[PDB]
Amino acid sequence: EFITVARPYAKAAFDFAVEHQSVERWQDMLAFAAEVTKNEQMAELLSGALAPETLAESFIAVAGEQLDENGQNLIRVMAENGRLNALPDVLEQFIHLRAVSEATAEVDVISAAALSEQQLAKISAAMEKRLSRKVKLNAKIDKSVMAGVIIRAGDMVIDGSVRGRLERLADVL
Amino acid sequence: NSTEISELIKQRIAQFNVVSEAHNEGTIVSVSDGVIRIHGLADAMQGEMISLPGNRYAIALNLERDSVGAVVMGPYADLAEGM
Amino acid sequence: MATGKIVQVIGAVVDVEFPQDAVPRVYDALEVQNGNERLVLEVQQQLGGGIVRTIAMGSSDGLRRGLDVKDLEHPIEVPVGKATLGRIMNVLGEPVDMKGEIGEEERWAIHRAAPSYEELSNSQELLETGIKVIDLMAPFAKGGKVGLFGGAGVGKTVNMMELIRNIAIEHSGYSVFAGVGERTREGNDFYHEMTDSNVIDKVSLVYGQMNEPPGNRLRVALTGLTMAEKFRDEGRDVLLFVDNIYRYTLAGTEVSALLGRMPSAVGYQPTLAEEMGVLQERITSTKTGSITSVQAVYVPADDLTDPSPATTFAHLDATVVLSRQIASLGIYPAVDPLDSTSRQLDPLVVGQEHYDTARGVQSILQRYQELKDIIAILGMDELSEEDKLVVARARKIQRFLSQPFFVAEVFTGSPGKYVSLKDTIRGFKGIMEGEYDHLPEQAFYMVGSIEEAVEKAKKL
Amino acid sequence: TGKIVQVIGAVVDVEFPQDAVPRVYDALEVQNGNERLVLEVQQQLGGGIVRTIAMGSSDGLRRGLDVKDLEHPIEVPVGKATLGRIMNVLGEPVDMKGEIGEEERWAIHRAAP
Ligand SMILES: Nc1ncnc2c1ncn2[C@@H]1O[C@H](COP(=O)(O)OP(=O)(O)O)[C@@H](O)[C@H]1O
Ligand SMILES: [Mg+2]
């Protein structure tokens with residue numbers, strides 16, 4: 001998986017975007033690079049064994065609406081190492097790194113039906129006391145929950161569904 | 001801008017006139033010690049005979065992703081890249 | 001509908017990519033059209049995002065990258081039941097005898113777990129065989145595992161054809177023959193033999209020969225068990241003959257490195273002991289029914305220390321070690337009485353006279369072995385008289401272990417002999433007690449009971 | 001025209017343009033300090049790189065040096081000229097006598113009869 005080779009470039013970009021106060025621009029630039037890297041013809045150019053210099057020109061020319069510091073170099077250095085398929089992973093790495101520095105958590109909540117917006121605001125302020133970050137809830141309407149809610153906060157989760165309790169009781173028996 | 005940006009890319013790619021290989025064709029990308037590596041050649045079956053320049057043939061023994069390994073049946077010092 | 005595409009084909013190993021939802025689980029089957037040929041793939045690993053690595057149950061030739069694959073959501077499933085009796089099948093349970101459809105009522109998956117510890121049933125119901133040396137040195141119970149160990153050409157097949165003759169015809173229960181990695185000629189010769197003798201109506205045959213791609217040779221042993229386990233669960237007493245346990249492990253070795261596994265001690269796969277265990281712990285006699293099994297075990301290079309024979313020694317109730325020396329000397333069957341043994345050789349469960357005879361025989365032959373190199377260098381004249389005696393009785397005992405078989409008549413031009421267990425004891429005890437000390441060694445060679453030893457002695 | 005990109009002991013990797021990459025047994029020439037070194041191509045790798053074996057001492061070579069692509073194999077003098085003389089692997093005279101007066105030179109990679 002490309003996550004490991006993404007990490008040096010994603011850290012170099014994230015460490016660099018804060019030296020130049022343009023994290024927000026870099027993020028959409030990488031989301032651009034991740035969308036073009038999915039194209040079926042571009043992936044054939046990537047698999048086509050050009051030499052890195054001429055392949056680099058054949059990629060930099062096609063993605064010209066990028067700064068000199070940003071586009072023309074990150075895309076070239078990853079192209080010499082052949083890492084450009086890592087770009088969808090470089091994106092998520094970059095986002096996570098940001099959410100880390102900005103003390104944010106992209107908390108997810110899951111429920112059988114919509115919450116009352118008092119329930120949901122209570123959930124926000126309580127997760128912000130459980131954690132030490134500004135949370136950003138997003139809900140999901142999953143009918144298997146039946147009742148209650150799931151709160152997922154990255155690698156950590158908090159099951160309040162009735163289905164989980166039902167199947168827990170089925171094993172306490 | 002996903003649909004617009006991916007159209008922008010499709011047009012710039014076509015306008016640069018980079019283009020796919022045909023199926024059943026490929027190019028030699030490495031020649032070494034009587035073993036060649038071919039890029040492309042998507043419709044190649046394992047054990048198939050692939051015609052080289054000349055009347056020479058190679059047997060496709062290894063079907064990796066993004067590469068083919070073929071073995072040359074005869075003298076191989078005449079081959080190169082781009083064939 | 002089809003749902004996956006082939007992404008690599010390196011030798012016998014095929015990788016298939018699927019959507020990241022509904023990826024096939026391990027040991028599932030998959031299907032692909034290899035031109036006109038329907039090819040089955042078995043899933044071996046879920047690796048990476050959406051990819052599965054698989055083994056072809058057929059030739060890998062003719063496959064292209066980008067072929068569509070359809071996932072069957074079950075393991076390889078085989079016909080089981082009475083409809084399998086009298087029919088040759090391949091690893092997939094497809095008829096290879098050209099007699100038409102199998103006509104099965106039920107089909108069972110070849111991958112299943114072994115019986116639980118509380119299901120196992122104890123037995124000491126000793127089988128009798130015509131073979132003198134085996135019934136003296138390694139008698140075995142109904143419901144037990146028997147292993148025939150030997151290198152190439154020592155008599156594994158001839159012994160197994162003799163044991164099939166002696167045991168299976170008296171047995172009224174159904175039998176399974178699993179020809180793992182057998183020679184195709186020997187499989188045809190067996191099929192015709194059973195067809196002539198009219199015992200083919202109570203044997204089911206599964207054959208995976210040497211020419212077949214590794215997946216067939218790998219999985220054909222499990223189709224044999226799946227049929228025998230169906231008969232055992234009906235409650236029958238079953239006879240299971242396996243032509244080589246070794247070429248199951250070898251079929252694992254061939255494909256193991258292409259599956260990405262790091263190599264082990266003698267180039268074997270890292271999973272040799274688990275692969276042997278998972279197969280051999282299914283071959284058991286439960287409370288519902290009994291499987292009795294005879295397995296031949298190839299011994300690479302004739303060294304009993306090689307990991308593959310070394311591990312399988314720990315699974316078997318009786319182990320009949322054949323030796324190339326005794327075969328080269330021309331004594332047949334080439335059983336080594338010092339190395340072979342059974343856990344049923346107990347004074348409690350055999351007759352105590354049997355046990356005493358066996359201990360005597362082994363003690364004498366061991367005492368001969370140490371004298372051998374002494375005589376070879378320093379000469380027979382430098383023995384003492386009581387050693388000259390025990391070296392003679394040792395030679396007489398080592399001749400009386402030989403025997404003509406009905407199935408080894410074609411090789412030697414002589415009739416075949418069946419000896420009852422009692423007659424065997426009576427003879428070896430008489431020889432050790434010296435009641436026949438005056439007879440020459442050839443009066444014991446290639447004879448039946450000791451009454452036939454005195455008849456041939458008279459002719460001599 | 002090409003440039004040295006790796007020097008791993010006795011083998012030397014040279015990068016050429018995409019359209020003039022030397023054939024599988026051609027010879028190249030480098031000025032290694034004050035001395036000229038011949039290289040023999042062994043492998044065409046991808047991207048116009050070739051692996052070569054140095055026909056001489058490989059010390060002193062620096063990455064980024066410029067090689068010269070001769071368009072023939074190693075060709076050695078043969079016949080009556082090479083008859084009282086000691087010669088090198090490159091077919092150069094190794095005795096202190098003058099040049100070998102050959103009429104013909106043969107490439108050393110030939111086919112069996
Ligand atoms: N009891 C026997 N009588 C006569 N010949 C035998 C006997 N056992 C083995 N042989 C000879 O040795 C050969 C090799 O043994 P066999 O069982 O056929 O193969 P393997 O022992 O490798 O399974 C037999 O084909 C036969 O030629
Ligand atoms: Mg055999």
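Values quoted throughout were computed directly from the atomic coordinates according to the rules given, and no laboratory measurement underlies them. Neighbour counts run over all protein chains shown; Cβ positions are idealised from the backbone, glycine included.
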| message | Can you compute the equivalent ellipsoid semi-axes for chain C, i.e. the square root of 5 times each eigenvalue of the Cα gyration tensor, sorted largest first and rounded to whole Å? | response | 47, 23, 19
| request: Summarise the partner chain shielding of B:12-22 as one whole number: the mean count of Cβ atoms from other chains within 10 Å of each residue's Cβ. | output: 3
| request: Would you mind computing the Rg to Rh ratio of the stretch C:265-364 from its alpha-carbon coordinates, Kirkwood style for Rh? | output: 1.02
| query | On average over all directions, what projected area in square nanometres does chain B have, based on the convex hull of its Cα atoms? | reply | 6.8
| field | Residue-averaged beta-carbon neighbours from other chains (10 angstrom radius) around B:33-42 | value | 2
| request: Using only the alpha carbon atoms of the stretch C:215-330, find the Kirkwood hydrodynamic radius as the inverse mean reciprocal pair distance, in angstroms to one decimal. | output: 15.6
| remark: Checking the stretch C:1-91 for GluC sites (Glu not before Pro) in a loop per DSSP with at most 15 other beta-carbon atoms within 10 Å yields C:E73
| request: Kindly rank C:113-122, D:63-72 from highest to lowest mean number of other beta carbons found within 10 Å of each residue. | output: D:63-72, C:113-122
| If the viscosity is 1.567 mPa s and the temperature 4 °C, what Stokes-Einstein diffusion coefficient in µm²/s follows for the stretch C:78-342 when Rh is the Kirkwood radius over Cα pairs? | 69
| request: Calculate, for B:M73 and C:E186, the FRET efficiency according to 1/(1 + (r/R0)^6) with r their C-beta to C-beta distance and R0 41 Å; round to the nearest 0.05. | output: 0.65
| query | Say the dipole of the stretch A:1-145 comes from +1 at the beta carbon of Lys and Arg and -1 at that of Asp and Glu; which of A:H96, A:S124, A:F32 then lies farthest toward its positive end? | reply | A:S124
| query | Counting other Cβ atoms within 10 Å, which trypsin sites (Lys or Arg not before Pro) in the stretch C:103-167 have at most 15 and lie in a DSSP loop? | reply | C:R112
| query | In the neighborhood of A:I60, defined by Cβ-to-Cβ distances under 14 Å, what is the net charge if each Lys or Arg adds +1 and each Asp or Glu adds -1? | reply | -4
| query | About the Cα centre of the stretch D:19-113, what is the dipole size in debye to 20, counting +1 per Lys and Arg Cβ and -1 per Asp and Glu Cβ, all else neutral? | reply | 240
| Built amide H within the under 5 Å cut-off of B:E48, gap 5+ | B:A60
| field | Label point at B:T27 placed 7 Å out along Cα→Cβ; residues across the stretch D:41-82 whose backbone nitrogen lies under 14 Å | value | D:46-49
| task | Give the order of C:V32, C:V410 when sorted by the count of other beta carbons within 10 angstrom, beginning with the fewest. | result | C:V410, C:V32
| task | Pop the C-beta distance of D:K3 and C:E101 into the FRET formula with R0 = 51 Å and round what comes out to the nearest 0.05. | result | 0.15
| request: Pop a pseudo-label 7 angstrom from the Cα along the beta-carbon direction at both D:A81 and A:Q66 and give the gap in nm to one decimal. | output: 5.8
| Mind checking which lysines have their C-alpha under 21 Å from C:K372, skipping anything on the same chain fewer than 8 residues away? | C:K388, C:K396
| task | For chain C, build the charge dipole from Cβ charges (+1 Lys, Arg; -1 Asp, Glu) around the Cα centre, then report which of C:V407, C:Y207, C:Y117 sits farthest towards its positive end. | result | C:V407
| field | chain A - charge dipole about Cα centre, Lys and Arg +1 at Cβ, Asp and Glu -1, debye rounded to 20 | value | 1100
| said: Sorted from largest to smallest, which semi-axis lengths in Å does the alpha carbon gyration tensor of the protein assembly as shown give for its equivalent ellipsoid, taking the root of 5 times each eigenvalue? | reply: 67, 45, 25
| What ranking do C:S204, C:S172, B:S67, C:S290 get, fewest neighbouring Cβ atoms within 10 angstrom at the top? | C:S172, B:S67, C:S290, C:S204
| field | Dipole magnitude (debye, nearest 20) for chain C, charges at Cβ of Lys, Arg, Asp, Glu | value | 320
| said: For a bin width of 5 Å, list the pair-distance distribution of chain A built from all Cα-Cα distances, rounded to whole %. | reply: 2, 7, 14, 15, 13, 10, 10, 9, 8, 6, 4, 2, 0, 0
| query | Quick one: in the stretch A:42-125, what % of C-alpha pairs are over 16 Å apart? | reply | 67
| Rg followed by Dmax, in Å, when chain D is reduced to its Cα trace | 15.4, 46
| request: Considering the options C:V299, C:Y174, C:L383, tell which one lies farthest towards the positive end of the dipole of the protein assembly as shown, charges being +1 on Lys and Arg and -1 on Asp and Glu at the Cβ, about the Cα centre. | output: C:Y174
| request: Work out the mean other chain Cβ neighbour count within 10 Å for the residues of D:44-52 and drop it here as an integer. | output: 5
| task | May I ask you to sort C:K396, C:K429, C:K372 by Cβ crowding, counting other Cβ atoms within 10 Å and putting the fewest first? | result | C:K372, C:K429, C:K396
| request: Please give the helix A:23-36 orientation as an angle from the longest Cα principal axis of chain A, in degrees from 0 to 90, rounded to the nearest 10. | output: 80
| query | Can you give the three extents of the C-alpha atoms in the stretch C:295-448 along their principal axes, from longest to shortest, in whole Å? | reply | 44, 41, 37
